[PDB]
Structure formats: C-alpha cells, structure tokens
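Heads up, model24.pdb below (PDB, C-alpha atoms):
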```pdb
ATOM      1  CA  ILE A   1     -16.447 -11.919  24.687  1.00  0.00           C
ATOM      2  CA  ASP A   2     -17.279 -10.605  28.146  1.00  0.00           C
ATOM      3  CA  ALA A   3     -17.189 -11.830  31.732  1.00  0.00           C
ATOM      4  CA  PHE A   4     -19.819 -11.221  34.384  1.00  0.00           C
ATOM      5  CA  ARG A   5     -20.097 -11.722  38.099  1.00  0.00           C
ATOM      6  CA  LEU A   6     -23.007 -12.036  40.499  1.00  0.00           C
ATOM      7  CA  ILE A   7     -23.638  -9.530  43.282  1.00  0.00           C
ATOM      8  CA  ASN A   8     -25.482 -10.350  46.499  1.00  0.00           C
ATOM      9  CA  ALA A   9     -29.082  -9.212  46.875  1.00  0.00           C
ATOM     10  CA  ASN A  10     -28.799  -8.168  50.532  1.00  0.00           C
ATOM     11  CA  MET A  11     -26.724  -5.058  49.771  1.00  0.00           C
ATOM     12  CA  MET A  12     -29.372  -3.365  47.633  1.00  0.00           C
ATOM     13  CA  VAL A  13     -29.743  -0.308  49.867  1.00  0.00           C
ATOM     14  CA  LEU A  14     -26.044   0.640  49.637  1.00  0.00           C
ATOM     15  CA  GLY A  15     -23.516   0.469  46.787  1.00  0.00           C
ATOM     16  CA  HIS A  16     -23.469  -2.575  44.555  1.00  0.00           C
ATOM     17  CA  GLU A  17     -20.056  -2.288  43.005  1.00  0.00           C
ATOM     18  CA  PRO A  18     -19.160   0.723  45.177  1.00  0.00           C
ATOM     19  CA  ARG A  19     -16.020   2.364  46.487  1.00  0.00           C
ATOM     20  CA  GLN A  20     -14.417   4.258  43.620  1.00  0.00           C
ATOM     21  CA  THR A  21     -10.709   3.717  44.099  1.00  0.00           C
ATOM     22  CA  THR A  22      -9.662   4.554  40.558  1.00  0.00           C
ATOM     23  CA  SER A  23     -11.115   6.332  37.537  1.00  0.00           C
ATOM     24  CA  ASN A  24     -10.251   3.724  34.891  1.00  0.00           C
ATOM     25  CA  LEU A  25     -13.526   1.813  35.315  1.00  0.00           C
ATOM     26  CA  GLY A  26     -15.586   4.002  33.038  1.00  0.00           C
ATOM     27  CA  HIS A  27     -13.949   3.775  29.639  1.00  0.00           C
ATOM     28  CA  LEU A  28     -13.106   0.070  29.838  1.00  0.00           C
ATOM     29  CA  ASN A  29     -16.784  -0.889  29.726  1.00  0.00           C
ATOM     30  CA  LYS A  30     -19.908   0.843  28.427  1.00  0.00           C
ATOM     31  CA  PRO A  31     -22.964  -1.420  28.722  1.00  0.00           C
ATOM     32  CA  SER A  32     -25.233  -1.265  25.674  1.00  0.00           C
ATOM     33  CA  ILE A  33     -29.045  -1.246  25.719  1.00  0.00           C
ATOM     34  CA  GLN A  34     -29.232  -5.011  25.123  1.00  0.00           C
ATOM     35  CA  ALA A  35     -27.110  -5.663  28.229  1.00  0.00           C
ATOM     36  CA  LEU A  36     -28.751  -3.441  30.858  1.00  0.00           C
ATOM     37  CA  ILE A  37     -32.212  -4.962  30.368  1.00  0.00           C
ATOM     38  CA  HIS A  38     -31.650  -8.491  31.708  1.00  0.00           C
ATOM     39  CA  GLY A  39     -29.531  -8.348  34.850  1.00  0.00           C
ATOM     40  CA  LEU A  40     -27.515  -5.150  34.809  1.00  0.00           C
ATOM     41  CA  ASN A  41     -27.133  -3.796  37.265  1.00  0.00           C
ATOM     42  CA  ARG A  42     -29.601  -5.077  39.845  1.00  0.00           C
ATOM     43  CA  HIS A  43     -28.627  -8.759  39.519  1.00  0.00           C
ATOM     44  CA  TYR A  44     -24.966  -8.970  38.489  1.00  0.00           C
ATOM     45  CA  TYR A  45     -22.257  -6.692  37.133  1.00  0.00           C
ATOM     46  CA  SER A  46     -19.619  -6.662  34.413  1.00  0.00           C
ATOM     47  CA  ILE A  47     -15.860  -6.829  34.856  1.00  0.00           C
ATOM     48  CA  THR A  48     -12.931  -5.538  32.824  1.00  0.00           C
ATOM     49  CA  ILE A  49     -10.768  -7.619  30.496  1.00  0.00           C
ATOM     50  CA  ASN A  50      -7.169  -7.015  29.492  1.00  0.00           C
ATOM     51  CA  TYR A  51      -4.829  -9.372  27.659  1.00  0.00           C
ATOM     52  CA  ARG A  52      -1.662 -10.729  29.239  1.00  0.00           C
ATOM     53  CA  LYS A  53       0.749 -10.245  26.352  1.00  0.00           C
ATOM     54  CA  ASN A  54       4.455 -10.929  26.863  1.00  0.00           C
ATOM     55  CA  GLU A  55       7.485 -11.981  24.874  1.00  0.00           C
ATOM     56  CA  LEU A  56       8.489 -15.376  23.394  1.00  0.00           C
ATOM     57  CA  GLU A  57       4.745 -15.934  22.919  1.00  0.00           C
ATOM     58  CA  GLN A  58       3.498 -12.852  21.078  1.00  0.00           C
ATOM     59  CA  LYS A  59       6.454 -12.101  18.811  1.00  0.00           C
ATOM     60  CA  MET A  60       6.726 -15.730  17.712  1.00  0.00           C
ATOM     61  CA  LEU A  61       2.953 -15.665  17.161  1.00  0.00           C
ATOM     62  CA  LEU A  62       3.591 -13.185  14.334  1.00  0.00           C
ATOM     63  CA  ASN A  63       6.961 -14.765  13.450  1.00  0.00           C
ATOM     64  CA  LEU A  64       4.996 -17.733  12.106  1.00  0.00           C
ATOM     65  CA  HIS A  65       1.636 -16.455  10.769  1.00  0.00           C
ATOM     66  CA  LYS A  66       2.174 -13.371   8.590  1.00  0.00           C
ATOM     67  CA  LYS A  67       5.655 -14.181   7.313  1.00  0.00           C
ATOM     68  CA  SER A  68       7.267 -14.944   3.953  1.00  0.00           C
ATOM     69  CA  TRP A  69      10.577 -15.785   2.264  1.00  0.00           C
ATOM     70  CA  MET A  70      10.125 -15.697  -1.524  1.00  0.00           C
ATOM     71  CA  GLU A  71       6.943 -13.597  -1.701  1.00  0.00           C
ATOM     72  CA  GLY A  72       8.888 -10.390  -2.323  1.00  0.00           C
ATOM     73  CA  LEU A  73      11.079 -11.760  -5.110  1.00  0.00           C
ATOM     74  CA  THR A  74       8.314 -13.488  -7.095  1.00  0.00           C
ATOM     75  CA  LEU A  75       6.738 -12.348 -10.360  1.00  0.00           C
ATOM     76  CA  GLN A  76       2.999 -11.713 -10.700  1.00  0.00           C
ATOM     77  CA  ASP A  77       2.876 -14.029 -13.776  1.00  0.00           C
ATOM     78  CA  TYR A  78       2.048 -11.536 -16.579  1.00  0.00           C
ATOM     79  CA  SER A  79      -0.672 -13.775 -18.085  1.00  0.00           C
ATOM     80  CA  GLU A  80      -3.047 -11.995 -15.693  1.00  0.00           C
ATOM     81  CA  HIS A  81      -0.994  -8.982 -14.543  1.00  0.00           C
ATOM     82  CA  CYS A  82      -1.142  -6.892 -17.712  1.00  0.00           C
ATOM     83  CA  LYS A  83      -4.548  -8.462 -18.357  1.00  0.00           C
ATOM     84  CA  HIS A  84      -5.657  -6.894 -15.072  1.00  0.00           C
ATOM     85  CA  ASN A  85      -4.335  -3.491 -16.153  1.00  0.00           C
ATOM     86  CA  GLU A  86      -6.639  -3.507 -19.188  1.00  0.00           C
ATOM     87  CA  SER A  87      -9.745  -3.459 -16.992  1.00  0.00           C
ATOM     88  CA  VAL A  88      -8.282  -0.705 -14.789  1.00  0.00           C
ATOM     89  CA  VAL A  89      -7.363   1.749 -17.558  1.00  0.00           C
ATOM     90  CA  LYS A  90     -10.775   1.340 -19.202  1.00  0.00           C
ATOM     91  CA  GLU A  91     -12.731   2.089 -16.027  1.00  0.00           C
ATOM     92  CA  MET A  92     -10.763   5.225 -15.168  1.00  0.00           C
ATOM     93  CA  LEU A  93     -11.247   6.110 -18.831  1.00  0.00           C
ATOM     94  CA  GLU A  94     -14.977   6.189 -18.136  1.00  0.00           C
ATOM     95  CA  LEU A  95     -14.456   8.134 -14.923  1.00  0.00           C
ATOM     96  CA  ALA A  96     -12.493  10.665 -16.962  1.00  0.00           C
ATOM     97  CA  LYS A  97     -15.456  10.773 -19.350  1.00  0.00           C
ATOM     98  CA  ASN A  98     -17.575  11.511 -16.284  1.00  0.00           C
ATOM     99  CA  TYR A  99     -15.135  14.058 -14.911  1.00  0.00           C
ATOM    100  CA  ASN A 100     -14.997  16.328 -17.993  1.00  0.00           C
ATOM    101  CA  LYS A 101     -18.580  17.582 -17.914  1.00  0.00           C
ATOM    102  CA  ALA A 102     -19.195  17.446 -14.150  1.00  0.00           C
ATOM    103  CA  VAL A 103     -16.988  20.099 -12.537  1.00  0.00           C
ATOM    104  CA  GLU A 104     -16.936  22.588 -15.403  1.00  0.00           C
ATOM    105  CA  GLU A 105     -20.710  22.576 -15.860  1.00  0.00           C
ATOM    106  CA  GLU A 106     -21.251  22.971 -12.110  1.00  0.00           C
ATOM    107  CA  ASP A 107     -18.901  25.943 -11.852  1.00  0.00           C
ATOM    108  CA  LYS A 108     -20.182  27.759 -14.946  1.00  0.00           C
ATOM    109  CA  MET A 109     -23.909  27.560 -14.160  1.00  0.00           C
ATOM    110  CA  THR A 110     -24.205  28.516 -10.468  1.00  0.00           C
ATOM    111  CA  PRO A 111     -21.359  29.272  -8.010  1.00  0.00           C
ATOM    112  CA  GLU A 112     -23.082  28.000  -4.891  1.00  0.00           C
ATOM    113  CA  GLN A 113     -20.402  25.462  -3.769  1.00  0.00           C
ATOM    114  CA  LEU A 114     -23.288  23.467  -2.369  1.00  0.00           C
ATOM    115  CA  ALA A 115     -26.476  21.397  -3.154  1.00  0.00           C
ATOM    116  CA  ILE A 116     -27.231  18.125  -4.747  1.00  0.00           C
ATOM    117  CA  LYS A 117     -23.681  18.008  -6.198  1.00  0.00           C
ATOM    118  CA  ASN A 118     -22.760  18.354  -2.333  1.00  0.00           C
ATOM    119  CA  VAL A 119     -25.306  16.231  -0.444  1.00  0.00           C
ATOM    120  CA  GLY A 120     -25.580  12.916  -2.283  1.00  0.00           C
ATOM    121  CA  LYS A 121     -22.810  12.806  -4.883  1.00  0.00           C
ATOM    122  CA  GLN A 122     -19.977  10.435  -5.622  1.00  0.00           C
ATOM    123  CA  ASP A 123     -17.668  11.572  -8.379  1.00  0.00           C
ATOM    124  CA  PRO A 124     -15.168  14.008  -6.744  1.00  0.00           C
ATOM    125  CA  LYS A 125     -11.403  14.230  -7.035  1.00  0.00           C
ATOM    126  CA  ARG A 126     -11.253  11.483  -4.397  1.00  0.00           C
ATOM    127  CA  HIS A 127     -12.303   8.679  -6.774  1.00  0.00           C
ATOM    128  CA  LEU A 128     -10.134   9.307  -9.837  1.00  0.00           C
ATOM    129  CA  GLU A 129      -6.653   9.066  -8.263  1.00  0.00           C
ATOM    130  CA  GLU A 130      -7.160   5.988  -6.086  1.00  0.00           C
ATOM    131  CA  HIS A 131      -7.361   3.918  -9.262  1.00  0.00           C
ATOM    132  CA  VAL A 132      -4.080   5.613 -10.182  1.00  0.00           C
ATOM    133  CA  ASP A 133      -2.827   4.813  -6.672  1.00  0.00           C
ATOM    134  CA  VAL A 134      -3.586   1.093  -7.069  1.00  0.00           C
ATOM    135  CA  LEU A 135      -2.093   1.056 -10.574  1.00  0.00           C
ATOM    136  CA  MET A 136       1.248   2.420  -9.349  1.00  0.00           C
ATOM    137  CA  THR A 137       1.746   0.149  -6.325  1.00  0.00           C
ATOM    138  CA  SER A 138       0.801  -2.896  -8.392  1.00  0.00           C
ATOM    139  CA  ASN A 139       3.350  -1.997 -11.070  1.00  0.00           C
ATOM    140  CA  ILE A 140       6.267  -0.070  -9.521  1.00  0.00           C
ATOM    141  CA  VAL A 141       6.765  -3.055  -7.224  1.00  0.00           C
ATOM    142  CA  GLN A 142       6.272  -5.394 -10.174  1.00  0.00           C
ATOM    143  CA  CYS A 143       8.753  -3.456 -12.291  1.00  0.00           C
ATOM    144  CA  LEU A 144      11.397  -3.444  -9.557  1.00  0.00           C
ATOM    145  CA  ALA A 145      10.787  -7.111  -8.664  1.00  0.00           C
ATOM    146  CA  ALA A 146      11.904  -8.051 -12.173  1.00  0.00           C
ATOM    147  CA  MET A 147      15.008  -5.890 -11.809  1.00  0.00           C
ATOM    148  CA  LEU A 148      16.657  -7.781  -8.945  1.00  0.00           C
ATOM    149  CA  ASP A 149      16.766 -11.239 -10.556  1.00  0.00           C
ATOM    150  CA  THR A 150      18.591  -9.833 -13.587  1.00  0.00           C
ATOM    151  CA  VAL A 151      21.489  -9.021 -11.268  1.00  0.00           C
ATOM    152  CA  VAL A 152      21.104 -11.698  -8.605  1.00  0.00           C
ATOM    153  CA  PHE A 153      20.454 -14.754 -10.788  1.00  0.00           C
ATOM    154  CA  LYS A 154      23.481 -13.982 -13.089  1.00  0.00           C
TER     155      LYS A 154
ATOM    156  CA  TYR B   1      51.677  10.389 -42.576  1.00  0.00           C
ATOM    157  CA  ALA B   2      53.763   7.246 -43.094  1.00  0.00           C
ATOM    158  CA  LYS B   3      56.378   8.167 -40.474  1.00  0.00           C
ATOM    159  CA  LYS B   4      53.935   9.531 -37.883  1.00  0.00           C
ATOM    160  CA  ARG B   5      50.834   7.399 -38.512  1.00  0.00           C
ATOM    161  CA  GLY B   6      50.310   4.218 -40.527  1.00  0.00           C
ATOM    162  CA  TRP B   7      49.112   4.315 -44.180  1.00  0.00           C
ATOM    163  CA  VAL B   8      52.017   2.140 -45.293  1.00  0.00           C
ATOM    164  CA  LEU B   9      52.471   2.164 -49.073  1.00  0.00           C
ATOM    165  CA  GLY B  10      53.112  -1.439 -50.043  1.00  0.00           C
ATOM    166  CA  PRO B  11      52.229  -2.943 -53.431  1.00  0.00           C
ATOM    167  CA  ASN B  12      50.381   0.267 -54.459  1.00  0.00           C
ATOM    168  CA  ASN B  13      47.938  -0.235 -51.591  1.00  0.00           C
ATOM    169  CA  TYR B  14      47.461   1.591 -48.321  1.00  0.00           C
ATOM    170  CA  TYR B  15      46.431  -0.212 -45.147  1.00  0.00           C
ATOM    171  CA  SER B  16      44.326   1.659 -42.590  1.00  0.00           C
ATOM    172  CA  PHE B  17      43.660  -0.315 -39.415  1.00  0.00           C
ATOM    173  CA  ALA B  18      40.030  -0.847 -38.446  1.00  0.00           C
ATOM    174  CA  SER B  19      37.798  -2.956 -36.188  1.00  0.00           C
ATOM    175  CA  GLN B  20      34.497  -2.861 -34.308  1.00  0.00           C
ATOM    176  CA  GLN B  21      33.181  -4.159 -30.992  1.00  0.00           C
ATOM    177  CA  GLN B  22      29.783  -5.606 -30.066  1.00  0.00           C
ATOM    178  CA  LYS B  23      27.384  -4.695 -27.280  1.00  0.00           C
ATOM    179  CA  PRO B  24      23.633  -5.397 -27.420  1.00  0.00           C
ATOM    180  CA  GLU B  25      23.868  -8.093 -24.759  1.00  0.00           C
ATOM    181  CA  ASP B  26      24.231  -5.962 -21.639  1.00  0.00           C
ATOM    182  CA  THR B  27      20.892  -5.782 -19.927  1.00  0.00           C
ATOM    183  CA  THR B  28      23.026  -5.627 -16.771  1.00  0.00           C
ATOM    184  CA  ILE B  29      24.017  -1.967 -16.983  1.00  0.00           C
ATOM    185  CA  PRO B  30      20.335  -0.981 -17.462  1.00  0.00           C
ATOM    186  CA  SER B  31      19.579  -3.315 -14.537  1.00  0.00           C
ATOM    187  CA  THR B  32      21.323  -1.395 -11.754  1.00  0.00           C
ATOM    188  CA  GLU B  33      20.549   2.135 -12.950  1.00  0.00           C
ATOM    189  CA  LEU B  34      16.942   1.291 -13.843  1.00  0.00           C
ATOM    190  CA  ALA B  35      16.469  -0.095 -10.338  1.00  0.00           C
ATOM    191  CA  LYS B  36      17.701   3.280  -9.116  1.00  0.00           C
ATOM    192  CA  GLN B  37      15.248   5.093 -11.395  1.00  0.00           C
ATOM    193  CA  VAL B  38      12.257   3.010 -10.297  1.00  0.00           C
ATOM    194  CA  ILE B  39      12.971   3.471  -6.575  1.00  0.00           C
ATOM    195  CA  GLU B  40      13.522   7.231  -6.911  1.00  0.00           C
ATOM    196  CA  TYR B  41      10.060   7.328  -8.442  1.00  0.00           C
ATOM    197  CA  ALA B  42       8.563   5.532  -5.434  1.00  0.00           C
ATOM    198  CA  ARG B  43      10.747   7.593  -3.116  1.00  0.00           C
ATOM    199  CA  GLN B  44       8.989  10.647  -4.559  1.00  0.00           C
ATOM    200  CA  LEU B  45       5.449   9.297  -4.838  1.00  0.00           C
ATOM    201  CA  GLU B  46       5.506  10.058  -1.112  1.00  0.00           C
ATOM    202  CA  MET B  47       7.846  12.179   1.070  1.00  0.00           C
ATOM    203  CA  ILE B  48       6.401  15.423   1.527  1.00  0.00           C
ATOM    204  CA  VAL B  49       5.714  13.808   4.912  1.00  0.00           C
TER     205      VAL B  49
END
```
Turn the structure described in the file into structure tokens.
Amino acid sequence: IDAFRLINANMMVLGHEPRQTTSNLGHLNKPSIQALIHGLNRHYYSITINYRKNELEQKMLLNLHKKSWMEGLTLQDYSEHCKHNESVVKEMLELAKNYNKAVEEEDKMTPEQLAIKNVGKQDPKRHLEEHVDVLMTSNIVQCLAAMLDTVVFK
Amino acid sequence: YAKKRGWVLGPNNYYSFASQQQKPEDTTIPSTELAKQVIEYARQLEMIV
C-alpha cells in the first residue's frame, strides 16, 4: 500500500517537493524502477506512511487473536506423536550415513578448505543438528506436559 | 534376648515379629522430581547466552 499526491505543473523550473526541513525523508521511501517510469517525479510524488498505534486498541488486538488457555496443558495425542518421531529418526539416520564419508574423505585427500565441497554443497554441520533441535522441542515440552496433570489432576 | 528383645518361648515356639509395606503406586514422587529433571535439561539446552 502506498499513497501519492499530485504536484502542479507550473513549478517545473524550481523545486517540486523542495525545501529540505528534515533528513527523515530518504529512508522512509525508496521508489523502485517500476514506480519512477509512469509519473515520478515529473507528474506527482510519493508521501510517507506511519501507523497510529496506541493502547486499548493494539494490545487487545493481540489479546484476542494469538491467545490460548488449554493449548499448553494438552497432549499431542501419541497416535501420531511417536509415529512422527519414526520418520525423523530415519531421515537423520540417512544424513548420518551421508556424514560419515563426506568430511573424512574431503580432509584426507586434499586440504584446500575450498572448492566444489565449498561453492554448491549442502551437507554441512548445519543440517544434522536442526533435526535434533526439532526433535527436542517437540518432546521435552511433550514430556513435561504429561508431568503436570499427574500432580494437578490428582 | 527374651528380657531385652522379644523371642518369647511359649509352647516350644518362638515368635519374631514381622511385616511388610507396599509401594508401587506412587507415580507422584517421580512426578515432581522428574519435572525438575526435564526442565533442568531444557534450562541447559540453552544458557550460555
């Protein structure tokens, strides 16, 4: 969304949106190539947009949309929870099959710390722990969620 | 042993007192301390920050 505003054609020998009072008018709008071909800046000009955000309108906007009551203390229904963990262990199994050869062959053949294993690769030590990262957050929460109701619900 | 402890000689029979209790039912004491052990994992999966 953007707002525009016509400028008069008589003042085309002097400034068009002249008279720099501030210096905040440069990073609030950067006209792209598709904008400066039709009317910018010889016909009209652009204008800056901020959002009037206040209280009892903005806080209650999020106090009703992204809220919950029982979502924290609710089980993930193990019919598909531990079924989901089967297809996560098996795929990091294959990435560990991929990881065994890859680094040790690269280091023992040439120590260049460089080419095609640097320019177009994807199997580093960035890919193998994020599956471990998902598998912890999905289960440490799910373990501890089943610990509260043992105490709370008798 | 009869004057200090039991082992009372009656009709040619001693009597040593004995009983046993029963506790497999308490999931509640591994409820609180396990909840401590799971959180102190997740406390330490971060915090060198």
Tell me, counting only C-alpha atoms, for each residue of chain B within 9 Å of chain A, which pair of atoms is nearest and how far apart they are in Å to one decimal, in rows ordered by chain and increasing number, as CSV.
```
residue,atom,partner,partner_atom,distance
B:27,CA,A:150,CA,7.9
B:28,CA,A:151,CA,6.6
B:31,CA,A:147,CA,5.9
B:32,CA,A:151,CA,7.6
B:34,CA,A:147,CA,7.7
B:35,CA,A:144,CA,6.1
B:38,CA,A:144,CA,6.6
B:39,CA,A:144,CA,7.7
B:41,CA,A:140,CA,8.4
B:42,CA,A:140,CA,7.3
```
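The nearest approach to residue 6 (chain A) among the residues A:30, A:67, A:117, A:43, with all atoms listed in the file taken into account, belongs to A:43.
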query: Could you pull the residues within 12 Å of residue 123 (chain A), counting all atoms listed in the file, minus those fewer than 5 positions along the same chain, as a ChimeraX atom specification?
result: /A:92,94-103,117-118,128-129
Selection to disk with C-alpha atoms, as a PDB file, in the frame of the given file:
```
ATOM      1  CA  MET A  92     -10.763   5.225 -15.168  1.00  0.00           C
ATOM      2  CA  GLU A  94     -14.977   6.189 -18.136  1.00  0.00           C
ATOM      3  CA  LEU A  95     -14.456   8.134 -14.923  1.00  0.00           C
ATOM      4  CA  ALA A  96     -12.493  10.665 -16.962  1.00  0.00           C
ATOM      5  CA  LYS A  97     -15.456  10.773 -19.350  1.00  0.00           C
ATOM      6  CA  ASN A  98     -17.575  11.511 -16.284  1.00  0.00           C
ATOM      7  CA  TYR A  99     -15.135  14.058 -14.911  1.00  0.00           C
ATOM      8  CA  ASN A 100     -14.997  16.328 -17.993  1.00  0.00           C
ATOM      9  CA  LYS A 101     -18.580  17.582 -17.914  1.00  0.00           C
ATOM     10  CA  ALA A 102     -19.195  17.446 -14.150  1.00  0.00           C
ATOM     11  CA  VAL A 103     -16.988  20.099 -12.537  1.00  0.00           C
ATOM     12  CA  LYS A 117     -23.681  18.008  -6.198  1.00  0.00           C
ATOM     13  CA  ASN A 118     -22.760  18.354  -2.333  1.00  0.00           C
ATOM     14  CA  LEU A 128     -10.134   9.307  -9.837  1.00  0.00           C
ATOM     15  CA  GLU A 129      -6.653   9.066  -8.263  1.00  0.00           C
TER      16      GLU A 129
END
```
query: Hey, which of A:116, A:59, A:2, A:135 ends up closest to residue 84 (chain A)? Count all atoms listed in the file.
result: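 Closest candidate: A:135.
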- prompt: What is the distance between CA of residue 78 (chain A) and CA of residue 142 (chain A), in Å to one decimal?
  reply: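 A separation of 9.8 Å between them.
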task: Figure out the distance between CA of residue 45 (chain B) and CA of residue 153 (chain A), please, to one decimal in Å.
output: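 Rounded to one decimal, the two atoms are 29.0 Å apart.
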Residues near residue 15 (chain B), cut-off 12 Å, all atoms listed in the file, skip fewer than 5 positions along chain, as a VMD selection string: chain B and resid 2 5 to 10
- line: re CA of residue 61 (chain A) and CA of residue 47 (chain A): distance 27.3 Å
